[PDB]
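First up is the structure itself, then whatever we jot down about it.
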Amino acid sequence: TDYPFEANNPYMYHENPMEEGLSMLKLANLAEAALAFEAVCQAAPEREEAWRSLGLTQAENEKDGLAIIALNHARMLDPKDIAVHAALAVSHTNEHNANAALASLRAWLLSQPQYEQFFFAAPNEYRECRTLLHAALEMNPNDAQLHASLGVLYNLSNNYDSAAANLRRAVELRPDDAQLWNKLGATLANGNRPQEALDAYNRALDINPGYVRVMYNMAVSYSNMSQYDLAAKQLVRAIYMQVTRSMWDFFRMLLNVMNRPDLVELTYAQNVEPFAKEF
Amino acid sequence: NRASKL
C-alpha cells in the first residue's frame, strides 16, 4: 500500500468500524473517524466508500497528502464518484498540483450525466476547465457546486476576487455547508482580506465544531493580522483536535513573536495542556 | 503571509 496506515489502530479489532467512523464524523471527531476508516481500508481495500470517507476526513483534518492517496484509491474503484473528484481538485489546488487539480475538476464535471455532453502551470487545461464550467453554468445557472468549482479553479490561478464572488454565491445557496464557508474563507484569506475570511470561518466552525482545517485557517488569518493571542488560541485548539510538527513549529513562531521564550521551550515536549491552560 | 487551505 502507498497509504501509511497508523500502526496499533484499535479499530482494527472492532466489529463494524465503517459504521463507527460514520458516527465519529457525525460527531465531528475527525482524527477518530480517520482511524476507523483506515481500519476498513486495511481489511477491505476494495471498499470504495471507505477510501472516500478516509480521504474526505483527512483533508478536513488538515492532511491533504493523506487525502490524495486515499482519494486516488476511491477514484480507481469508482471513477464516477463525483465527491472524490471534487475533493481531489481541492487538495491538489492546496498542494499546487495544477495539472492534477484541473484533471479532477474536469472529471468532476464530466462524470455527471447532466453535464457529460496566462495560467502558466497548465494554460490550455485551465482554459478548457473554465469553458466547461461556464458552459455548465449556462445549462444550470444556480448550481452551488458549479459556483464552488469555479471558486476552486479561480483559487488555482490566484484570481481571488472572481473566486470569492463565485463562492459567496455558493454559500448564499447553501449557508449550512461547512466546506463552502471554509472555501470562501481560505479564498478571502489568500486574497488579503483576512477579516472577512474570519467571519466565513466562524460560520464554518459553527456548523462543524471539529473542522480542524478551519481552526488552522483561523490561526493563519489571525497571524496574518498579527493578532497573536488569537492565533495562539486557535492553533492550540487545532493541534489538540488534530491528534503535527509543522503546527508545533508554527506555534513556536507565535510564541517567539509575542516575546514568550518560556513558552517556546515548552513546545518541544509537544504537550498541549500547559498551552491550553495558558491561553 | 501564510497560506490558507480550501
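No hydrogens, no waters, no symmetry mates; every other heavy atom, side chains included, goes into these values. First the proteins, then the strands, lettered A, B, ... as listed; each starts at 1.
Closest non-hydrogen pair, A:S223 versus A:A231, comes out as N-CB, 3.7 Å. Of all the heavy atoms in A:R52 and A:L71, the pair that sits closest is O-CD2, 4.0 Å. Shown here for A:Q58 and A:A34, the closest heavy-atom pair between the two residues is OE1-CB, 3.4 Å. Here the closest heavy-atom approach between residue A:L184 and residue A:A164 is recorded as CD1-O, 3.6 Å. Between A:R174 and A:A144, the shortest heavy-atom distance links the atoms NE-CB, 3.5 Å. Contact detail for A:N99 and A:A121: the closest heavy-atom pair is ND2-O, 3.4 Å.
A heavy-atom distance below 4.5 Å is found between the side chains of A:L146 and A:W108. Contact check for A:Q242 versus A:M215: no side-chain heavy atoms found under the 4.5 Å cut-off. At a threshold of 4.5 Å between non-hydrogen side-chain atoms, the residues A:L110 and A:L132 count as touching. Taking 4.5 Å as the limit, some side-chain heavy atom of A:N97 sits within range of a side-chain heavy atom of A:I68. At least one side-chain heavy atom of A:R169 sits under 4.5 Å from a side-chain heavy atom of A:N142. Using a 4.5 Å heavy-atom cutoff, the side chains of A:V212 and A:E60 are not in contact. Side-chain contact between A:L167 and A:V171 is absent, with no heavy atoms from C-beta onward closer than 4.5 Å. A:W181 has its side chain out of reach of A:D206: every pair of non-hydrogen atoms, C-beta onward, lies at least 4.5 Å apart.
Donor-acceptor pairing under 3.5 Å is recorded for the side chains of A:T187 and A:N155. Between the side chains of A:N158 and A:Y160, at least one donor N or O lies within less than 3.5 Å of an accepting N or O. Side-chain contact, A:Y211 with A:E62: no donor N or O sits under 3.5 Å from an acceptor N or O. Side-chain polar atoms of A:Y240 and A:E273 form no donor-acceptor pair below 3.5 angstrom. Of the N and O atoms on the side chains of A:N217 and A:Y222, not one donor lies less than 3.5 Å from an acceptor on the other residue. Of the N and O atoms on the side chains of A:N72 and A:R75, at least one donor lies less than 3.5 Å from an acceptor on the other residue.
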* salt bridge (charged side-chain N to carboxylate O under 4.0 Å, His left out) assessment of A:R168 paired with A:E196 -> CA-CA 11 Å; A:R168 188 160 271 117; A:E196 212 158 328; 2.6 Å; yes
* Applying side-chain contact (heavy atoms from CB on, under 4.5 Å), run through A:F37 and A:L25 and close with a yes or a no. => CA-CA 10 Å; A:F37 298 131; A:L25 280 189; 3.7 Å; yes
* Could you please spell out the steps behind the side-chain contact (heavy atoms from CB on, under 4.5 Å) verdict for A:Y201 and B:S4? => CA-CA 11 Å; A:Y201 293 146; B:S4 297; 3.6 Å; yes
* **Trace of the side-chain contact (heavy atoms from CB on, under 4.5 Å) decision for A:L30 with A:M241** => CA-CA 8 Å; A:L30 300 179; A:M241 291 304 293; over 6 Å; no
* **Residues A:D249, A:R252; criterion salt bridge (charged side-chain N to carboxylate O under 4.0 Å, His left out); working and verdict** => CA-CA 5 Å; A:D249 207 25; A:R252 195 168 62 85; 2.8 Å; yes
* **Pair A:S111-A:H85, side-chain contact (heavy atoms from CB on, under 4.5 Å): steps then yes or no** => CA-CA 9 Å; A:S111 296; A:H85 296 123; 3.5 Å; yes
* Please lay out, stage by stage, how A:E278 and A:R260 fare under the test salt bridge (charged side-chain N to carboxylate O under 4.0 Å, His left out). => CA-CA 11 Å; A:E278 188 72 29; A:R260 288 302 298 273; 3.2 Å; yes
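With hydrophobic clusters built from ILVMFWY side chains whose heavy atoms lie under 4.5 angstrom apart, A:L137 shares a cluster with A:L156. Note: the hydrophobic cluster containing A:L205 also contains A:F279 (ILVMFWY, side chain heavy atoms under 4.5 Å, direct or indirect links). Side-chain heavy atoms closer than 4.5 Å link hydrophobic residues (I, L, V, M, F, W, Y) into clusters, and following such links, possibly through other members, connects A:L266 to A:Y228. Under the 4.5 Å side-chain heavy-atom criterion for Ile, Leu, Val, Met, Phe, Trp and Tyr, A:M253 and A:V236 are members of distinct hydrophobic clusters. Using a 4.5 Å cut-off between side-chain heavy atoms of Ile, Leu, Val, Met, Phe, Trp and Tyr, with links allowed through other members, A:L230 and A:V214 fall into the same hydrophobic cluster.
Between the A:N182 side chain and the B:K5 main chain, a donor and an acceptor come within less than 3.5 Å of each other. Judged by distance alone, with hydrogens and angles left aside, the side-chain atoms of A:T267 form a donor-acceptor pair with the main-chain N or O of A:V264 at under 3.5 Å.
Here CG of A:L35 is found 11.0 Å from CZ of A:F5. Values are rounded to the nearest 0.5 Å. Taking CG from A:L263 and CG from A:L255, the interatomic distance works out to 5.5 Å, rounded to the nearest 0.5 Å. Atom CG of A:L150 sits about 11.5 Å away from atom CG of A:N159, to the nearest 0.5 Å. Summarising the geometry, atom CG belonging to A:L105 is positioned 6.0 Å from atom OG belonging to A:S149; distances are rounded to the nearest 0.5 Å. Interatomic distance, A:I207 CD1 to A:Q179 CD, rounded to the nearest 0.5 Å: 11.0 Å. Note that NE2 of A:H147 and CG of A:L133 are 11.0 Å apart. Values are rounded to the nearest 0.5 Å.
Between A:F275 and A:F251, the ring planes lie perpendicular to each other; the angle is over 60°, past the 30° to 60° tilted range. Ring-plane geometry between A:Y216 and A:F250 is classed as perpendicular, the angle between the planes exceeding 60 degrees on a 0 to 90 degree scale with a lower cut at 30.
In summary, of the residues considered (A:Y11, A:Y3, A:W51), a side-chain hydrogen bond (donor to acceptor under 3.5 Å, both in side chains) with A:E38 occurs for A:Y3 alone.
Salt bridge A:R213/A:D64: present, at least one basic N to carboxylate O contact under 4.0 Å.
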